[PDB]
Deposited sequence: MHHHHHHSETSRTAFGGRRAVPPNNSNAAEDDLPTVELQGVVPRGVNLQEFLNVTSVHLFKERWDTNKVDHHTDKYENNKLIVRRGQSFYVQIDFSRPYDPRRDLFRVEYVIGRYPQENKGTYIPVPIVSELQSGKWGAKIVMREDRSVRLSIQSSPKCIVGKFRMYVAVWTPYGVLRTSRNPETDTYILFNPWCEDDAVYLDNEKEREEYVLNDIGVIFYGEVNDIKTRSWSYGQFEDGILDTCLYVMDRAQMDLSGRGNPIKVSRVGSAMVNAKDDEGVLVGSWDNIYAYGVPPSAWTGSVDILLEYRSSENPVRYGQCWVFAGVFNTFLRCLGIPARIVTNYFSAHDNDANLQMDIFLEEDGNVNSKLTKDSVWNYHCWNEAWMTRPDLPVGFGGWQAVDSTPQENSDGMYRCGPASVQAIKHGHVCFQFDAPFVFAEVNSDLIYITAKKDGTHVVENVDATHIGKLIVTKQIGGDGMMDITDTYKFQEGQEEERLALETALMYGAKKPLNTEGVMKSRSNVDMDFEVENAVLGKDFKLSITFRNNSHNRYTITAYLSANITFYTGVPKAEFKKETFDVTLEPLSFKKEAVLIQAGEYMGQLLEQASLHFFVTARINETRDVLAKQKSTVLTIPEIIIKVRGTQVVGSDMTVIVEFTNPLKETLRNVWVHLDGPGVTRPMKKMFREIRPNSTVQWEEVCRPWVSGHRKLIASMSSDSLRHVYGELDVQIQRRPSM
């Protein structure tokens, strides 16, 4: 039976006896809890370090995948030779461990990475202070807390106590979290700011509207949970910000599901609040929660305002974007069909598509493990009812990076959003009279970080009008919805050297073809979040009949070496158009760079004030010879920096460098090595060393 309500709860036994326990059993031997403390005040380290001290809620609020302190008082001092207890977190009326809705938390010696556990960190009289760690994939919601003491007769569990109810939120600060956001200023703006600016008007007359998102005000966090309860969203999926943002897309509007806001553009607004009267999200959500009915009325920016609150409250970083000249496709063919009468006026009966002076929606920040690497980061989500998506008015999450390159096959609703920002306007009388390729999506903006100014983010959705890539990506989007095969492969790509990209064409027909193509090379985070485009090329190629043809693209090291991070990979888009037939061939692939190694060993005792030897070893990883190889050794507490030069290292050859050091700062110190030569450059090795 579906466990789809956070507000529902089950009764957990306090004296969970098993079998036929004899009368006169003496449970006095076993621990019992006299008191639980969560250090939940808003000045204390839990809420401050978890960035939850702004919520008005007086319960404990923490973010998943991060440690917090509790303290349990027992009737006598806890003694691990006779006592065994655990903490339990429970959510919903039908909790199950294999669905993540019953969470046992064992008392462990050492916390383990990414795993629920609790560690005893202090013991005074009858109490124990616990450091509890939650999983970074934890369900987001309000949990009941219990202490369970194990006995030969069964479990003895604390009573239901609403004061230890605990909220667990998404964690933009935890790097194992799907919503990790490694930039503090962006976390401050997209999570913790409860005031925003929404842009509207027209392109050459841009207006601004203040908005009180208010995600921290009393009752708002509870309402967001009630929204998911109202959607009948399974609890076990609520730790996935893809499901949470797609549920929110549907539930912020009233269609289909009794959601928050009734939309209206009829200029009368009978029996309700007219859309331009609202100045924030709180009165809408609080009225929705107390009335338990949709609130009248809203328009696009009100939908986006309330959606933004829902997302930021739960801890998904989010922002509102404004699109000027926004197309609403009604027949999913990805272009604006505008039918004119012979007279010249727009035939309003045949014309079902429309474009608006502006339209607002949301972007939600998350990894996309359901898509290939390179498509995480900003995802477009829209709660304004426009078109049905799989039977309901909802939209997204659609990867903004997938939209840019027109890979609209990736879920969710990427074709529709692409048509909102870059559809062609097709004027039809049935003789096609004109095409306007530049009008839709003239400008896309969002509030700048740390000010009320406008940030132009058009280039994230689309290439610049007039460039060949804007056409090729649109023809890609259309094809997704000549007897030529296209593939590409990247030849032996080693970190720190140039490499070649090999695009091959096979023409199996008897025809000569002309091809026009572009290439986009990008650096991506290990989790699949895009970081930046570092190379972009358009090229033309002629294709002789019955032929194979390879086009070699050199990627110089200087083009990418400045924008790398740990475990970062490369993401390539290639799109070719066969000009004679308008056929388009698109591919995207990722690769991981081969990483040359630098082993650092140390020989001798590592004590402040006696000499020890560092051994830096390096192997030439190439089938070529390396010249003027400078090796460097940095060791802040261990050595002043030092260099060795090698005039030549032959292929697959190994050099060794021995260096005498004498540390002067005791503790946890570190050694770092670097290698640069004429070809391979800026390769590193590292070693942690303990110095006495």
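In this entry, the deposited residues absent from the coordinate set span 1 to 21, 451 to 456, 509 to 522, 734 to 738.
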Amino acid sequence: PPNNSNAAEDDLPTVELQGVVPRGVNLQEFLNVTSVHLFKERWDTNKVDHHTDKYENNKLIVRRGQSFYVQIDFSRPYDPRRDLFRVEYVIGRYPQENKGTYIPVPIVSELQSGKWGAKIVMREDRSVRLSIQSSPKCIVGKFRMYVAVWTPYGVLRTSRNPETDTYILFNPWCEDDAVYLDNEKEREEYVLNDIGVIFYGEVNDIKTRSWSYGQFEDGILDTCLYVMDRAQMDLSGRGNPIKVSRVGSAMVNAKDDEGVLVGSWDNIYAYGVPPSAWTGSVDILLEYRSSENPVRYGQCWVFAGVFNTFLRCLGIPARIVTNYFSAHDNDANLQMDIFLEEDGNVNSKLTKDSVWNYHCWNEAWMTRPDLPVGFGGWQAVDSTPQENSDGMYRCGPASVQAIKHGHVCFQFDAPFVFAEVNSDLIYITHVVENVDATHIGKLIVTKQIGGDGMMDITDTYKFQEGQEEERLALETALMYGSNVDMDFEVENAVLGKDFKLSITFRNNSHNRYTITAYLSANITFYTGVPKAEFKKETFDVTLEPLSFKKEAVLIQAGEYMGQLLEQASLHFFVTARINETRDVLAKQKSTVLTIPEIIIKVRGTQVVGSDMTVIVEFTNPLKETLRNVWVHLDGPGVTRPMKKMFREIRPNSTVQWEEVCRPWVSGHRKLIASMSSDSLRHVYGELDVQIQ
From here on, numbers count along this sequence of modelled residues.
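Of the other compared PDB entries of this protein that include residues on both sides, all give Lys404 atoms, none of them, and so not a third, leaving it without.
Figure legend: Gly667 is marked as unmodelled in at least a third of the other comparable entries of the protein. For the segment pair 515 to 523 and 86 to 94, the entry gives 515 to 523 the higher mean B-factor, averaged over Cα atoms. The question of which stretch, 19 to 27 or 666 to 674, has the higher mean Cα B factor is settled in favour of 666 to 674.
Reading the B-factor column for the CA atoms of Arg603, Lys142, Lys243, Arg368 in the entry, the top value corresponds to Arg603. Of the candidates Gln411, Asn308, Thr151, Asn333, the one whose C-alpha carries the top B factor in the deposited record is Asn333. Ranked by Cα temperature factor within the chain, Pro530 sits in the middle third according to the deposited record. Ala8: CA B factor in the lowest third of modelled residues in this chain (values from the PDB entry). The deposited CA B-factor of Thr52 belongs to the lowest third of values across its chain. Sort the chain's modelled residues by C-alpha temperature factor and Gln299 lands in the lowest third, per the entry. Among all modelled residues in its chain, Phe463 ranks in the highest third by Cα B-factor.
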